[PDB]
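Below you'll find the structure, written out as structure tokens, and then a few comments.
Residue numbers (PDB author numbering): 0 to 132.
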């Protein structure tokens, strides 16, 4: 299964998805510390639920018709793919919904990696090793 490099993942979000620099630096950080950019990363939690893919998204609310709810309306397998489209789409829904309920600019606090590792980073510095000619 595909495991991205950090700068490779950053370049992908820019080239193929035209994400803003603000978006990229946040998603790269989350991806690094949730999964080491491993699209097949999977973690079975204490509540018998599972986190899937590069963004370690949980099947209790977000994926899987058959278990919990399925807000992102996708089989969790779709979040464990070489192609990250659906992972990103579903992550953006999580960010949007969290922000709605949590408050402006708090969208990423839904991710453990963000809360422990990234809200305290200098994410312009963090991206510096990739963004330099």
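Note that CB positions come from ideal geometry on N, CA and C, so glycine has one too.
8 Å Cβ cutoff met for residue i and residue j
i           : j           : result
residue 9   : residue 54  : no
residue 2   : residue 37  : yes
residue 26  : residue 12  : yes
residue 56  : residue 89  : yes
residue 120 : residue 28  : yes
residue 95  : residue 109 : no
residue 164 : residue 105 : Look at the range of the chain in this structure, 0 to 132, and you will see that residue 164 is not part of it.
residue 59  : residue 125 : no
Start-to-end residues for the alpha helix (DSSP H) that takes in residue i
i           : result
residue 43  : Residue 43 -> not in any alpha helix (DSSP H); beta strand (DSSP E) instead, spanning 41-43.
residue 122 : 122-125
Opposing strand residues paired with residue i [DSSP bridges]
i          : result
residue 37 : 2
Cβ-heavy atom distance, residue i to the ligand FAD, below 7 Å
i          : result
residue 20 : This structure lacks the ligand FAD, and indeed carries no ligand of any kind.
Curious, which full-length alpha helix (DSSP H) runs of at least 4 residues does the segment 48-105 contain? Counting whole runs of 4 or more residues, the segment 48-105 contains the alpha helix (DSSP H) stretches 84-101.
Quick test of the definition: if touching needs 3 or more C-beta pairs under 8 Å, does the segment 9-19 touch the segment 33-51? These segments do not touch.
State whether the segment 103-115 contacts the segment 64-84, with contact taken as three or more CB pairs (one from each stretch) at a distance under 8 Å. Taking 8 Å as the limit for Cβ pairs, the verdict is that the segment 64-84 does not touch the segment 103-115.
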